[PDB]
């Protein structure tokens, strides 16, 4: 089993997507951060398991799938055979987790990352115990149509200076943004 983390990149107005896409111009260093965080395993030899919705999966340039050095798991109610390149296809979130309990995935998985979308987040956030949130805050407003569930600052404790996370303000093409990490442990 192990560790359960969610990583999101959100506009000032809580927008995460637009048109089966990202609302802002591509920020490589975020994408190189999303990549590094998801990939980095604690214990040597173990890999990270990343879970995403269907639409999220097909939004990675066909090029990029699966996301190398991680187990690619995709949720769908509808598909019957895992997507081309995915390694696991599950029907519910809870099955995805139930998957990692399996002694055959017990030794090979480290951290689980909920990399989106929009509903995985929400039931992933209502799930008891410990959960860490890795929020990139674009310090601007974007025109979005799918949004991130509000952080319950009295349920979620925003951690000041965490390991391997550059706590300061960034800029890529005039867009300023920072790396945050919220925790909950009830």
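Residue numbers count along the first chain shown, from 1. For the two forms, the rigid core is made up of the largest set of C-alpha atoms that agree within 1.5 Å on superposition.
*Asks:* Would you say which of 134 to 142 and 151 to 159 moves more relative to the shown form in 7 other deposited structures of this protein, going by RMS C-alpha distance with the core superposed?
*Replies:* With the rigid core fitted, 151 to 159 is the stretch that strays more in 7 other deposited structures of this protein.
*Asks:* Looking only at CA atoms, which has the higher mean B factor in the entry: 75 to 83 or 108 to 116?
*Replies:* Looking at the recorded C-alpha B-factors, 75 to 83 comes out higher on average.
*Asks:* If you take the mean CA temperature factor per stretch, which one wins between 155 to 163 and 45 to 53?
*Replies:* In the deposited entry, the stretch with the higher C-alpha B-factor mean is 155 to 163.
*Asks:* Pick out which of 127, 36, 68, 132 has the highest C-alpha B-factor in the PDB entry.
*Replies:* Most elevated C-alpha B-factor of the set, per the entry: 127.
*Asks:* Looking at the entry's B-factor column for C-alpha atoms only, identify whether residue 176 ranks in the lowest, middle or highest third of its chain.
*Replies:* Middle third - that is where residue 176 ends up once the chain's C-alpha B-factors are sorted.
*Asks:* Going by what the PDB entry lists, where does residue 28 fall on CA B-factor within its chain: lowest, middle or highest third?
*Replies:* As the PDB entry reports it, the C-alpha B-factor of residue 28 lands in the middle third of its chain.
*Asks:* Of the three thirds of its chain by CA temperature factor, lowest, middle or highest, which one includes residue 122?
*Replies:* Ranked within chain, residue 122 CA B lands in the middle tercile.
*Asks:* Of the three thirds of its chain by CA temperature factor, lowest, middle or highest, which one includes residue 136?
*Replies:* Ranked within chain, residue 136 CA B lands in the lowest tercile.
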